[PDB]
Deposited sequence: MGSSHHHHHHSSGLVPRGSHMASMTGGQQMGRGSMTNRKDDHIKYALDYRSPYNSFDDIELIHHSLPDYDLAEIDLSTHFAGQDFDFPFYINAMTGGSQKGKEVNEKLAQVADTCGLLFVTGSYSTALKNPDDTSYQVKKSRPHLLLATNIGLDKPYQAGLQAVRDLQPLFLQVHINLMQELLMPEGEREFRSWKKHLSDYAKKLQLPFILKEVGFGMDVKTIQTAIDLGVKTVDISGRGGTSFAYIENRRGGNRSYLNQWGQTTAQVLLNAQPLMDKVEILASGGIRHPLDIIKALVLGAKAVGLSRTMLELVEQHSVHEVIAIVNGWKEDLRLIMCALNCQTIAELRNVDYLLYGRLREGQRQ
(Lines of atoms letter the chains of each structure in order from A and count residues from 1; the text may use other names and numbers.)
(Lines give C-alpha, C1' and ligand atoms only; values in the text may rest on other atoms or scores of the structure.)
Protein backbone atom coordinates (compact mmCIF):
# COMPACT_ATOMS: atom_id res chain seq x y z
CA UNK A 1 0.00 0.00 0.00
CA UNK A 2 1.13 3.46 -0.96
CA UNK A 3 -1.19 6.32 -0.05
CA UNK A 4 -0.38 8.32 -3.22
CA UNK A 5 -2.26 5.55 -5.07
CA UNK A 6 -5.48 6.71 -3.41
CA UNK A 7 -5.21 10.10 -5.11
CA UNK A 8 -6.34 10.91 -8.64
CA UNK A 9 -5.46 14.14 -10.43
CA UNK A 10 -7.95 15.64 -12.87
CA UNK A 11 -6.55 15.47 -16.44
CA UNK A 12 -6.83 18.63 -18.57
CA UNK A 13 -7.60 18.04 -22.26
CA UNK A 14 -6.98 21.46 -23.82
CA UNK A 15 -3.37 22.51 -22.98
CA UNK A 16 -2.42 26.20 -22.74
CA UNK A 17 1.32 25.79 -22.44
CA UNK A 18 4.27 24.61 -24.46
CA UNK A 19 6.31 21.91 -22.74
CA UNK A 20 9.42 24.12 -22.74
CA UNK A 21 7.81 27.03 -20.88
CA UNK A 22 7.06 24.82 -17.84
CA UNK A 23 8.85 26.22 -14.75
CA UNK A 24 10.17 23.60 -12.29
CA UNK A 25 11.59 26.03 -9.71
CA UNK A 26 10.65 26.31 -6.03
CA UNK A 27 11.67 27.90 -2.69
CA UNK A 28 12.15 26.90 0.97
CA UNK A 29 14.43 27.44 3.97
CA UNK A 30 15.23 30.87 2.53
CA UNK A 31 16.58 29.47 -0.73
CA UNK A 32 15.52 29.39 -4.37
CA UNK A 33 15.97 26.00 -6.04
CA UNK A 34 15.84 24.97 -9.74
CA UNK A 35 14.06 21.73 -9.01
CA UNK A 36 11.30 20.68 -6.57
CA UNK A 37 12.90 17.44 -5.43
CA UNK A 38 16.15 16.63 -3.62
CA UNK A 39 18.25 13.76 -2.25
CA UNK A 40 18.53 12.63 1.40
CA UNK A 41 21.59 10.45 1.97
CA UNK A 42 21.60 6.88 3.32
CA UNK A 43 27.59 2.20 3.03
CA UNK A 44 29.37 5.52 2.71
CA UNK A 45 30.06 4.32 -0.83
CA UNK A 46 26.36 4.94 -1.35
CA UNK A 47 26.40 8.51 -0.11
CA UNK A 48 29.36 9.38 -2.34
CA UNK A 49 27.43 7.97 -5.29
CA UNK A 50 24.41 10.11 -4.32
CA UNK A 51 26.39 13.32 -3.81
CA UNK A 52 27.65 12.62 -7.31
CA UNK A 53 24.17 12.59 -8.88
CA UNK A 54 22.96 15.61 -6.89
CA UNK A 55 25.96 17.65 -8.06
CA UNK A 56 25.72 16.74 -11.73
CA UNK A 57 21.90 17.06 -11.69
CA UNK A 58 22.01 20.34 -9.74
CA UNK A 59 19.98 18.99 -6.84
CA UNK A 60 20.15 19.74 -3.12
CA UNK A 61 21.87 16.94 -1.20
CA UNK A 62 21.08 16.39 2.49
CA UNK A 63 23.75 14.30 4.21
CA UNK A 64 31.82 21.52 -4.35
CA UNK A 65 29.39 23.66 -6.35
CA UNK A 66 27.05 21.10 -4.80
CA UNK A 67 23.97 22.50 -3.06
CA UNK A 68 24.50 21.25 0.46
CA UNK A 69 22.60 20.90 3.71
CA UNK A 70 23.47 18.93 6.84
CA UNK A 71 21.40 16.69 9.10
CA UNK A 72 21.70 16.04 12.83
CA UNK A 73 19.69 13.99 15.33
CA UNK A 74 17.85 16.19 17.83
CA UNK A 75 19.32 13.96 20.55
CA UNK A 76 22.65 15.81 20.08
CA UNK A 77 23.31 18.99 22.05
CA UNK A 78 22.84 22.29 20.21
CA UNK A 79 26.59 23.03 20.13
CA UNK A 80 27.15 19.94 17.99
CA UNK A 81 24.75 21.26 15.34
CA UNK A 82 26.21 24.77 15.56
CA UNK A 83 29.59 23.24 14.81
CA UNK A 84 28.33 21.13 11.93
CA UNK A 85 27.10 24.44 10.49
CA UNK A 86 30.39 26.26 11.06
CA UNK A 87 32.52 23.51 9.53
CA UNK A 88 30.34 22.79 6.52
CA UNK A 89 28.55 26.06 5.70
CA UNK A 90 25.39 24.25 4.57
CA UNK A 91 22.35 25.91 3.06
CA UNK A 92 20.54 24.93 6.24
CA UNK A 93 20.48 22.62 9.23
CA UNK A 94 17.98 19.81 9.37
CA UNK A 95 17.30 18.24 12.74
CA UNK A 96 15.47 14.92 12.90
CA UNK A 97 13.21 13.09 15.37
CA UNK A 98 12.63 9.34 15.44
CA UNK A 99 10.48 8.86 18.54
CA UNK A 100 9.19 5.44 17.83
CA UNK A 101 12.34 4.35 16.16
CA UNK A 102 13.87 5.28 19.46
CA UNK A 103 11.24 3.67 21.69
CA UNK A 104 13.46 13.60 26.66
CA UNK A 105 16.09 16.25 26.13
CA UNK A 106 14.84 16.58 22.54
CA UNK A 107 12.57 19.55 23.25
CA UNK A 108 15.38 21.29 25.09
CA UNK A 109 17.63 20.96 22.16
CA UNK A 110 14.87 22.05 19.83
CA UNK A 111 14.21 25.13 21.93
CA UNK A 112 17.93 25.98 21.81
CA UNK A 113 18.08 25.99 17.99
CA UNK A 114 14.91 27.99 17.41
CA UNK A 115 16.33 30.81 19.50
CA UNK A 116 20.11 30.74 18.97
CA UNK A 117 20.82 29.33 15.49
CA UNK A 118 21.03 32.05 12.81
CA UNK A 119 20.89 29.83 9.70
CA UNK A 120 17.53 28.50 8.45
CA UNK A 121 16.70 25.08 9.89
CA UNK A 122 14.25 22.26 9.33
CA UNK A 123 12.62 19.82 11.71
CA UNK A 124 12.24 16.38 10.11
CA UNK A 125 10.11 13.50 11.38
CA UNK A 126 11.52 10.17 10.36
CA UNK A 127 8.74 8.30 8.54
CA UNK A 128 6.03 8.09 11.20
CA UNK A 129 4.26 11.17 9.98
CA UNK A 130 4.25 14.47 11.70
CA UNK A 131 0.93 15.25 13.33
CA UNK A 132 -0.76 18.65 13.35
CA UNK A 133 -0.09 19.19 17.07
CA UNK A 134 3.64 18.85 16.50
CA UNK A 135 3.46 21.07 13.43
CA UNK A 136 1.74 23.71 15.55
CA UNK A 137 4.33 23.33 18.29
CA UNK A 138 7.17 23.87 15.82
CA UNK A 139 5.36 26.90 14.41
CA UNK A 140 5.04 28.30 17.92
CA UNK A 141 8.78 27.98 18.51
CA UNK A 142 9.16 29.83 15.23
CA UNK A 143 10.20 26.86 13.12
CA UNK A 144 9.59 27.87 9.51
CA UNK A 145 10.03 24.57 7.68
CA UNK A 146 9.25 20.96 8.51
CA UNK A 147 9.74 17.65 6.72
CA UNK A 148 6.49 15.86 7.43
CA UNK A 149 7.80 12.44 6.38
CA UNK A 150 5.06 9.87 6.77
CA UNK A 151 4.48 6.21 5.92
CA UNK A 152 6.96 -5.92 19.80
CA UNK A 153 6.34 -5.84 16.25
CA UNK A 154 2.57 -5.49 16.52
CA UNK A 155 3.45 -1.80 16.56
CA UNK A 156 5.39 -1.49 13.31
CA UNK A 157 2.39 -0.36 11.24
CA UNK A 158 2.44 2.73 13.48
CA UNK A 159 2.05 6.23 12.11
CA UNK A 160 0.20 8.12 9.41
CA UNK A 161 0.97 7.92 5.66
CA UNK A 162 2.68 10.68 3.69
CA UNK A 163 -0.38 11.76 1.71
CA UNK A 164 -2.50 11.58 4.82
CA UNK A 165 -0.13 13.78 6.82
CA UNK A 166 0.03 16.22 3.91
CA UNK A 167 -3.76 16.48 3.84
CA UNK A 168 -4.03 17.05 7.61
CA UNK A 169 -1.30 19.68 7.51
CA UNK A 170 -3.05 21.67 4.77
CA UNK A 171 -4.70 24.24 7.09
CA UNK A 172 -1.24 25.17 8.46
CA UNK A 173 0.52 25.84 5.11
CA UNK A 174 -0.05 29.54 5.23
CA UNK A 175 2.04 29.62 8.38
CA UNK A 176 4.84 27.11 7.76
CA UNK A 177 6.70 25.52 4.82
CA UNK A 178 5.87 21.86 4.24
CA UNK A 179 8.30 19.30 2.83
CA UNK A 180 7.22 15.77 1.98
CA UNK A 181 9.23 12.56 2.00
CA UNK A 182 8.66 8.83 2.37
CA UNK A 183 7.03 6.53 -0.15
CA UNK A 184 7.86 8.69 -3.16
CA UNK A 185 8.55 6.30 -6.03
CA UNK A 186 8.47 8.47 -9.16
CA UNK A 187 7.62 11.90 -10.63
CA UNK A 188 3.86 11.33 -10.29
CA UNK A 189 4.21 10.87 -6.53
CA UNK A 190 6.27 14.07 -6.60
CA UNK A 191 3.60 15.99 -8.52
CA UNK A 192 0.98 14.63 -6.12
CA UNK A 193 2.83 15.88 -3.01
CA UNK A 194 3.25 19.29 -4.63
CA UNK A 195 -0.43 19.41 -5.58
CA UNK A 196 -1.19 18.61 -1.94
CA UNK A 197 0.94 21.66 -1.10
CA UNK A 198 4.51 20.62 -0.23
CA UNK A 199 7.16 23.08 -1.37
CA UNK A 200 9.42 20.24 -2.42
CA UNK A 201 9.91 16.52 -2.04
CA UNK A 202 12.81 14.61 -0.57
CA UNK A 203 13.87 11.30 -2.04
CA UNK A 204 15.50 8.55 -0.03
CA UNK A 205 14.43 4.93 -0.48
CA UNK A 206 14.04 5.34 -4.23
CA UNK A 207 17.52 6.73 -4.70
CA UNK A 208 19.17 3.87 -2.89
CA UNK A 209 17.27 1.31 -4.87
CA UNK A 210 18.40 3.10 -8.02
CA UNK A 211 22.14 3.11 -7.20
CA UNK A 212 21.88 -0.54 -6.15
CA UNK A 213 20.43 -1.29 -9.56
CA UNK A 214 22.18 1.26 -11.76
CA UNK A 215 25.59 2.87 -12.14
CA UNK A 216 25.86 6.53 -11.21
CA UNK A 217 25.77 7.52 -14.90
CA UNK A 218 22.52 5.62 -15.41
CA UNK A 219 20.96 7.19 -12.32
CA UNK A 220 22.04 10.67 -13.41
CA UNK A 221 20.25 9.89 -16.68
CA UNK A 222 17.14 8.59 -14.92
CA UNK A 223 16.96 11.66 -12.66
CA UNK A 224 17.33 14.14 -15.53
CA UNK A 225 14.60 12.23 -17.36
CA UNK A 226 12.48 12.66 -14.22
CA UNK A 227 12.84 16.40 -14.76
CA UNK A 228 11.14 15.94 -18.15
CA UNK A 229 8.37 13.79 -16.75
CA UNK A 230 7.65 16.56 -14.25
CA UNK A 231 7.17 19.05 -17.10
CA UNK A 232 5.14 16.54 -19.09
CA UNK A 233 2.82 15.91 -16.22
CA UNK A 234 2.41 19.51 -15.43
CA UNK A 235 1.70 20.31 -19.11
CA UNK A 236 -1.04 17.67 -18.93
CA UNK A 237 -2.45 19.34 -15.82
CA UNK A 238 -2.18 22.72 -17.49
CA UNK A 239 0.20 24.16 -14.84
CA UNK A 240 3.09 26.42 -15.82
CA UNK A 241 4.72 26.71 -12.36
CA UNK A 242 5.14 24.67 -9.16
CA UNK A 243 2.84 27.04 -7.29
CA UNK A 244 0.03 26.56 -9.87
CA UNK A 245 -0.10 22.87 -8.93
CA UNK A 246 -1.83 23.87 -5.70
CA UNK A 247 -4.85 24.65 -7.87
CA UNK A 248 -5.05 21.27 -9.57
CA UNK A 249 -8.30 19.37 -8.93
CA UNK A 250 -7.94 15.94 -7.29
CA UNK A 251 -10.00 13.06 -5.93
CA UNK A 252 -9.54 10.79 -2.92
CA UNK A 253 -10.30 7.05 -2.91
CA UNK A 254 -10.18 4.18 -0.42
CA UNK A 255 -8.42 4.53 2.92
CA UNK A 256 -7.31 8.08 2.15
CA UNK A 257 -10.88 9.20 1.40
CA UNK A 258 -12.09 7.29 4.46
CA UNK A 259 -9.57 9.08 6.65
CA UNK A 260 -10.91 12.44 5.52
CA UNK A 261 -14.53 11.40 5.69
CA UNK A 262 -15.23 10.64 9.33
So which bits of the deposited sequence did not make it into the model?
1-52, 95-100, 122-142, 183-191, 240-254
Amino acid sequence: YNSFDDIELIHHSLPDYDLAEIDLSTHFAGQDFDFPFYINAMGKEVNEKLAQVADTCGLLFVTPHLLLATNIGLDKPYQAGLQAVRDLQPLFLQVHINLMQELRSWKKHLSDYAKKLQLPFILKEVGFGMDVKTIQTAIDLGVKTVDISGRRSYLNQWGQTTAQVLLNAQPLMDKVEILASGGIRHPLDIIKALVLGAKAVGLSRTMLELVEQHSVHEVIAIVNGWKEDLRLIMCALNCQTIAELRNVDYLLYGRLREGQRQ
From here on, numbers count along this sequence of modelled residues.
Got a sec? Mean C-alpha B-factor, which is higher, 194-202 or 210-218?
210-218
Output the stretch having the higher mean C-alpha B factor in the entry; the candidates are 132-140 and 178-186.
132-140
Residue selected from 155, 165, 123, 91 by maximal Cα B factor:
155
Highest CA B factor of 59, 232, 46, 223, as deposited, is found at 46
Grab the CA temperature factor for residue 36 from the record and place it in the lowest, middle or highest third of its chain.
lowest
Comparing against every modelled residue in the chain, figure out the third that the C-alpha B-factor of residue 71 lands in (lowest, middle or highest).
middle
Binned into thirds over the chain's modelled residues, the C-alpha B-factor of residue 113 lands in the highest
Taking only the Cα B-factors deposited for this chain, tell me whether residue 42 sits in the lowest, middle or highest third.
highest
Ranking the modelled residues of this chain by C-alpha B-factor as given in the entry, is residue 104 in the lowest, middle or highest third?
lowest
